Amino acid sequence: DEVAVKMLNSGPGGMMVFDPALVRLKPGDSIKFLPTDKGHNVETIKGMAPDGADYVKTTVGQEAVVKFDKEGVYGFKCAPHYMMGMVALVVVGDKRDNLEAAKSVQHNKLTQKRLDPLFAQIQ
């Protein structure tokens, strides 16, 4: 099945957010990222993906679909707004092999503060 996530200038958590910012999926699920507001994309954050997953880098302002097959923890950023904390976390299936790795990637203060509660909600 396919879950929609909106790319927003203003939403739950403040400026430059994905809503929802935490997505639980099953292997085979897809997300459709909706350009609610223009000027957003989705891109893998290196070190925040199970080994074998393809690198994602979408075109700014377009709807995009990402299908998920490998189980594990994925972190995605909005490229132009990463410094502004626009990030999301995707959990696929039950495998948590890459969790300690993904949680160990460092970020600016603002982005870190956003991820904290998401990680907390996966533990």
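Residue numbers here begin at 1 and follow the sequence given.
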{"item": "Stretch exceeding the other in mean C-alpha B-factor - 6-14, 97-105", "value": "6-14"}
{"item": "Comparing 80-88 with 64-72, the one whose average Cα B-factor in the PDB entry is higher", "value": "64-72"}
{"item": "Cα B factor band for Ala53 (lowest, middle or highest third within the chain)", "value": "highest"}
{"item": "Relative C-alpha B-factor of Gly47, binned into the chain's lowest, middle or highest third", "value": "lowest"}
{"item": "Third of the chain, ranked by Cα B-factor, where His40 sits", "value": "lowest"}
